[PDB]
Engineer: 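One structure, as structure tokens, below. Some questions next.
The analysis underlying the following values was restricted to heavy atoms, covering all of them including side chains, and did not include hydrogens, waters or symmetry mates. A, B, ... follow the sequence lines: proteins, then strands. Residue 1 opens every chain.
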Protein chains: 2
Amino acid sequence: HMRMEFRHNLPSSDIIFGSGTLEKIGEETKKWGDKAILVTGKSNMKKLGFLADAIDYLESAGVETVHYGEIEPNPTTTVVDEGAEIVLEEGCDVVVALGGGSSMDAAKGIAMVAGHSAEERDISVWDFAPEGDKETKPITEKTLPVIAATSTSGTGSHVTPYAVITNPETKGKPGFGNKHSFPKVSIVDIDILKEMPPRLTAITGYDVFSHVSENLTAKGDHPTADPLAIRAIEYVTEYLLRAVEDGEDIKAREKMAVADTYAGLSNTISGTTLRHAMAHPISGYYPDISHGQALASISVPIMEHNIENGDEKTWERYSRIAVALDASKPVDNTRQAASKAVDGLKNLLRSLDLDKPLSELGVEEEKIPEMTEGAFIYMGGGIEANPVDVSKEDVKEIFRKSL
Amino acid sequence: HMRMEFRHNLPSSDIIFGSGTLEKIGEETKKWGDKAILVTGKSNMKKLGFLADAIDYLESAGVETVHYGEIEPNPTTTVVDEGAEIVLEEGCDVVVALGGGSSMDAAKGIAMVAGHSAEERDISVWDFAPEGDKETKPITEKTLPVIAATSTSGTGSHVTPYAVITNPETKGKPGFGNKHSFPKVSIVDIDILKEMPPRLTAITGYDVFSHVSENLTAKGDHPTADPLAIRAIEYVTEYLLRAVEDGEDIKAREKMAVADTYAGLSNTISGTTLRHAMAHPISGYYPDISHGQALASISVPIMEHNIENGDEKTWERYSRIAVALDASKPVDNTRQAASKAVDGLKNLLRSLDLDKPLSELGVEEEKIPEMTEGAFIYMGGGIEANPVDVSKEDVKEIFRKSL
Ligand SMILES: NC(=O)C1=CN([C@@H]2O[C@H](COP(=O)(O)OP(=O)(O)OC[C@H]3O[C@@H](n4cnc5c(N)ncnc54)[C@H](OP(=O)(O)O)[C@@H]3O)[C@@H](O)[C@H]2O)[C@@H](O)[C@@H](O)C1
Ligand SMILES: NC(=O)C1=CN([C@@H]2O[C@H](COP(=O)(O)OP(=O)(O)OC[C@H]3O[C@@H](n4cnc5c(N)ncnc54)[C@H](OP(=O)(O)O)[C@@H]3O)[C@@H](O)[C@H]2O)[C@@H](O)[C@@H](O)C1
Ligand SMILES: [Mn+2]
Ligand SMILES: [Mn+2]
């Protein structure tokens with residue numbers, strides 16, 4: 001028998017789940033600081049009034065708050081480094097995020113730069129970011145505390161250590177972070193998430209699926225992630241299209257937010273693999289391409305590559321994904337059983353109108369070697385976590401079949 | 001639709017799983033202190049040589065080690081308070097446990113008393129222990145760090161905050177603890193666990209089952225515990241009897257240790273209910289009664305009481321336990337579907353020869369009001385977590401049907 005061996009690492013988590021739990025953001029932030037920077041996008045939290053509420057709760061708590069409403073989707077290094085300067089100029093001591101993955105990741109990055117800076121700065125968030133064998137600057141407990149109120153049922157970021165930051169100079173979009181950048185408190189407010197439009201629901205829903213299906217097939221044993229990852233796929237199958245079709249379907253919103261929370265916990269314990277490794281350089285080189293659509297448009301060729309070069313242990317995992325996707329009934333450890341996950345994936349992608357080749361999003365064949373070097377330089381952990389090897393041209397071939 | 005609302009709290013966890021992972025106990029302890037007290041039972045870790053190994057690894061690391069090999073099953077306050085005096089006399093700075101729940105709980109208690117003491121003591125572990133409305137002494141970060149190497153696939157204690165300590169004066173056996181008594185590092189070594197005798201395997205295996213089945217039916221929503229709790233019951237059904245019948249069945253040992261780890265994580269997030277509340281006063285008043293046999297001997301009347309006074313939401317949960325116990329195929333939310341969990345429980349109890357009335361263990365009817373007051377005074381959280389109310393005589397009646 002093959003001995004099972006793993007190390008499970010999961011930072012402390014504190015999750016406040018329910019509708020109206022934004023009311024708690026002030027009291028919880030005060031436990032961690034007296035002067036918050038509130039990190040949000042530019043318009044949607046404002047428009048739907050949750051921004052005003054959050055400011056009200058923080059200040060009614062008695063947390064002085066500087067609003068940084070500058071985060072655009074796929075946050076950049078300049079937006080993070082500028083946010084940290086505001087932290088250092090105003091003497092903020094806790095970073096609060098209200099927004100999707102882009103805001104929560106910018107928030108964690110601001111926490112990192114600002115906690116490790118001198119008085120004015122002398123460091124960039126890129127110093128923490130993987131870049132080939134470049135020795136990264138260690139992320140330490142100096143990282144400012146982060147409070148995360150998520151507004152998407154998508155990235156898991158309210159319960160992960162990771163920030164995903166794009167350098168516009170190199171187009172890298174790596175992820176980085178550890179126990180010191182994991183949010184001290186995570187607020188999941190159904191009243192915010194139920195305002196996601198249909199298409200944002202579907203994109204971020206597919207991100208939930210992408211995490212847990214990759215977490216399950218990552219190389220090695222990771223049993224503590226697996227029941228959460230499986231339950232998440234089962235909730236995606238049962239509830240994501242319900243949420244896309246009726247945003248006011250509260251049970252469907254709750255299950256997607258539970259599933260999104262499973263995915264963050266699962267992505268912390270396990271890790272993503274080749275699908276994320278190649279999806280990030282897509283948003284790096286094409287910053288208006290959603291992360292969840294980049295994932296969707298390359299999923300079928302990658303899943304088919306992993307099954308074809310896999311083994312019995314990997315196939316069994318893909319077979320369990322197929323059962324959870326309702327594309328199959330019995331779990332088995334064969335190439336054929338694993339292939340039904342490809343059938344289930346295509347149905348999911350079709351039900352959510354995510355099945356689009358990379359050409360339809362604006363990606364051009366000329367950018368293949370650029371993105372391929374992007375995946376290995378900035379997402380090397382994902383390539384190494386993939387259940388099968390991929391060479392540099394393995395990845396270029398995958399990109400082209402996704403075209 | 002019924003809105004879902006919960007708060008999830010899970011302290012940082014670091015789990016080293018595999019065979020031969022006792023080799024890591026020294027390096028990991030050194031990260032937390034230079035002078036450990038090693039908290040073990042009296043004979044079995046010594047006899048099987050893991051005690052010598054642990055001392056060797058700790059000192060070969062360079063951790064000076066004082067052995068406290070005095071823990072008897074169902075640890076008492078005097079054994080904890082005496083262990084803390086040795087900590088304070090020798091200036092130990094990290095508490096290391098190698099043993100079952102009894103050693104890990106004694107270790108956490110030693111960490112608490114010794115971290116909150118003056119120079120010689122002036123405090124008992126009982127000061128931290130629930131006792132009716134007695135204001136308990138707060139358990140703070142002063143708690144010494146705890147390294148836990150478990151030797152049973154039973155209590156979950158290597159990944160819970162809780163210590164269960166008996167006061168011989170009152171016979172109370174409450175549990176207590178929080179984030180500051182959760183082990184900094186948890187080592188799960190298949191080579192130690194595979195030495196559990198058959199009967200200890202079955203007893204501690206049923207403890208694994210008791211945690212997750214109670215965690216699933218505890219009042220309120222607790223979605224982050226549930227997939228782990230379900231997977232644990234599925235592993236108990238598939239592998240516990242294999243482990244009892246062949247202790248060298250390594251796959252069965254691994255799955256039980258994974259299941260035991262699920263149960264600790266799940267018992268931290270959720271909580272136990274009436275079965276544990278009444279099982280503890282049994283070991284409190286009868287200290288040679290195993291915790292897992294006390295649980296077993298009262299399980300059928302309690303599960304039948306919770307189903308009979310339950311609702312659709314509770315019944316659905318018991319129905320999922322029945323499916324996971326292989327006693328049923330479809331999940332439904334009816335009294336009848338939930339009742340098949342009682343059929344599945346009896347099969348499990350019969351396959352492990354745990355089906356014994358309280359009379360067969362030595363419990364006498366005269367002790368019912370004593371144990372009943374024990375459950376409410378010392379295990380009030382479990383009674384309140386139970387999905388249905390129980391009055392003081394509800395509990396006395398349950399005890400008598402278990403006789
Ligand atoms: N830290 C982590 O663990 C991970 C984070 N990731 C990264 O997360 C980012 C994507 O985040 P998402 O949450 O999907 O969406 P964004 O934060 O970019 O916002 C996109 C648009 O949606 C809007 N939005 C968010 N919640 C809304 C709501 N309730 N109602 C209406 N609109 C809402 C946003 O409005 P704003 O522009 O005002 O911010 C934005 O326009 C990407 O940059 C991705 O790379 C992923 O890579 C992920 O796998 C891992
Ligand atoms: N802190 C927590 O979260 C919980 C701990 N609990 C508490 O845990 C204690 C029971 O622990 P267990 O692990 O089941 O067993 P014990 O620690 O008492 O040891 C019992 C006997 O088994 C022996 N043993 C343990 N591992 C062995 C091994 N690999 N091979 C051979 N023998 C082994 C032990 O040998 P020693 O006497 O030398 O210690 C002991 O005699 C009870 O006191 C229980 O109340 C439970 O209440 C539980 O629900 C919650
Ligand atoms: Mn993602
Ligand atoms: Mn127990």
Side-chain angles (χ1 to χ4, degrees), chain B residues 11 29 32-33 36-42 45 66-90 92-118 120-131 134 136-152 154-186 264 267-268 272 276 280 283-284 287 291 378-379 381:
Chain B
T29 292
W32 292 92
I37 175 169
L38 178 54
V39 179
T40 73
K42 295 223 224 201
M45 296 303 105
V66 184
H67 182 204
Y68 188 57
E70 300 294 320
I71 309 306
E72 314 214 47
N74 302 328
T76 62
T77 52
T78 40
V79 82
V80 171
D81 291 339
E82 288 195 2
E85 299 169 10
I86 283 165
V87 160
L88 295 166
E89 276 274 39
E90 293 262 26
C92 304
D93 56 1
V94 53
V95 181
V96 182
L98 182 67
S102 296
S103 297
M104 288 182 287
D105 288 15
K108 299 171 187 181
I110 291 172
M112 298 175 201
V113 179
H116 304 68
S117 278
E120 46 198 351
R121 233 176 78 198
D122 53 354
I123 173 180
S124 171
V125 77
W126 206 238
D127 295 276
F128 303 99
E131 185 169 62
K134 149 189 161 183
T136 62
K137 175 171 209 250
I139 300 172
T140 71
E141 57 282 348
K142 291 143 109 172
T143 301
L144 294 179
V146 164
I147 311 291
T150 174
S151 70
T152 66
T155 69
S157 190
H158 61 297
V159 287
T160 69
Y162 309 125
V164 176
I165 307 296
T166 299
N167 192 322
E169 277 258 70
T170 72
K171 281 70 85 171
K173 191 173 196 273
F176 46 99
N178 59 31
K179 342 321 158 189
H180 304 299
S181 50
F182 191 114
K184 308 299 192 205
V185 191
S186 312
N267 198 25
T268 304
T272 56
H276 268 75
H280 286 196
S283 293
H291 168 63
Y378 294 108
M379 293 290 289

Engineer: Which atom pair, heavy atoms only, marks the closest approach of B:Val79 to B:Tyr68?
Structural biologist: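 Taking B:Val79 first and B:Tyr68 second, the nearest heavy atoms are O-OH, 2.8 Å.
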Engineer: Determine whether B:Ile37 and B:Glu90 make a side-chain contact, defined as any pair of heavy atoms from C-beta on separated by less than 4.5 Å.
Structural biologist: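 The answer is no; the side chains never approach within 4.5 Å.
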Engineer: Restricting to salt bridge (charged side-chain N to carboxylate O under 4.0 Å, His left out), what partner residues turn up for B:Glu85, sequence neighbours left out?
Structural biologist: B:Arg121
Engineer: List for me each residue that meets side-chain hydrogen bond (donor to acceptor under 3.5 Å, both in side chains) alongside B:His291, sequence neighbours excluded, and say none if there are none.
Structural biologist: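 B:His291 satisfies side-chain hydrogen bond (donor to acceptor under 3.5 Å, both in side chains) with B:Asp207, B:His276 once adjacent residues are dropped.
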Engineer: Looking only at heavy atoms, what is the nearest atom pair of B:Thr143 and B:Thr140, with distance?
Structural biologist: OG1-O, 2.8 Å
Engineer: Under a 4.5 Å cut-off applied to non-hydrogen side-chain atoms, are B:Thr166 and B:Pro287 in contact?
Structural biologist: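 No - every pair of side-chain heavy atoms lies 4.5 Å or more apart.
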Engineer: If the condition is side-chain hydrogen bond (donor to acceptor under 3.5 Å, both in side chains), which residues does B:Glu82 pass it with, not counting sequence neighbours?
Structural biologist: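 For B:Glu82, no residue satisfies side-chain hydrogen bond (donor to acceptor under 3.5 Å, both in side chains) once neighbours in sequence are set aside.
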Engineer: Taking only residues two or more places apart in sequence or in another chain, which ones pass salt bridge (charged side-chain N to carboxylate O under 4.0 Å, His left out) with B:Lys134?
Structural biologist: B:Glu131
Engineer: Does B:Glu72 have any salt bridge (charged side-chain N to carboxylate O under 4.0 Å, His left out) partners at least two apart in sequence or in another chain, and if so, which?
Structural biologist: B:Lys42
Engineer: Can you sort out the partners of B:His116 under ring pair (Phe, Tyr, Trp, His ring centres under 6.0 Å), two or more places apart, ordered by chain and number?
Structural biologist: B:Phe128
Engineer: B:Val113 versus B:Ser124: any side-chain heavy-atom pair under 4.5 Å?
Structural biologist: no
Engineer: Might you point out which heavy atoms bring B:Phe182 and B:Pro11 nearest each other, and give the distance in Å?
Structural biologist: CD1-CG, 3.7 Å
Engineer: If the condition is side-chain contact (heavy atoms from CB on, under 4.5 Å), which residues does B:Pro168 pass it with, not counting sequence neighbours?
Structural biologist: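 Counting only residues at least two positions away or on another chain, B:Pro168 forms a side-chain contact (heavy atoms from CB on, under 4.5 Å) with B:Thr76, B:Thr77.
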Engineer: Which pairs of donor and acceptor atoms, one on a side chain in residues 95-103 of chain B, lie under 3.5 Å apart (sequence neighbours left out)?
Structural biologist:
from, atom 1, to, atom 2, distance (Å)
B:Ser102, OG, B:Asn74, N, 3.0
B:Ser103, OG, B:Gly41, N, 3.4

Engineer: Test your reading of the model: is there a side-chain donor-acceptor pair from B:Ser181 to the backbone of B:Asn178, 3.5 Å cut-off?
Structural biologist: yes
Engineer: For the atom pair CE (B:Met112) and NZ (B:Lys142), what is the distance rounded to the nearest 0.5 Å?
Structural biologist: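 So the CE of B:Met112 and the NZ of B:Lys142 are separated by 14.5 Å.
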Engineer: Ignoring hydrogens and angles, tell me if any N or O in the side chain of B:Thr268 forms a donor-acceptor pair with the backbone of B:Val159 under 3.5 Å.
Structural biologist: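 Between the backbone of B:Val159 and the side chain of B:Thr268 there is a qualifying donor-acceptor contact (under 3.5 Å).
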Engineer: Quick one: side-chain contact (heavy atoms from CB on, under 4.5 Å) partners of B:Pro174, sequence neighbours excluded?
Structural biologist: B:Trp126, B:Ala129, B:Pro130, B:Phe176, B:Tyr378
Engineer: Of all residues at least two apart in sequence or in a different chain, which pass the side-chain contact (heavy atoms from CB on, under 4.5 Å) check with B:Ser151?
Structural biologist: B:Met45, B:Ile192
Engineer: Tell me the salt bridge (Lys or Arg N to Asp or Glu O under 4.0 Å) pairs involving residues 92-112 of chain B, sequence neighbours left out?
Structural biologist: none
Engineer: Has B:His158 got a side-chain atom pairing as donor or acceptor with B:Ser186's backbone, closer than 3.5 angstrom?
Structural biologist: no
Engineer: Who are the side-chain contact (heavy atoms from CB on, under 4.5 Å) partners of B:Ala114, not counting sequence neighbours?
Structural biologist: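 For B:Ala114 the side-chain contact (heavy atoms from CB on, under 4.5 Å) partners, ignoring immediate neighbours, are B:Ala84, B:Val87, B:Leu88, B:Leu144.
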Engineer: Tell me whether the count of non-hydrogen atoms from other residues, nucleotides or ligands lying under 6.0 Å of CD in B:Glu141 goes above 12.
Structural biologist: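 Count over threshold, so yes.
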Engineer: Can you see which heavy atom on B:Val39 is nearest to which on B:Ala106, and at what distance?
Structural biologist: CG1-CB, 4.2 Å
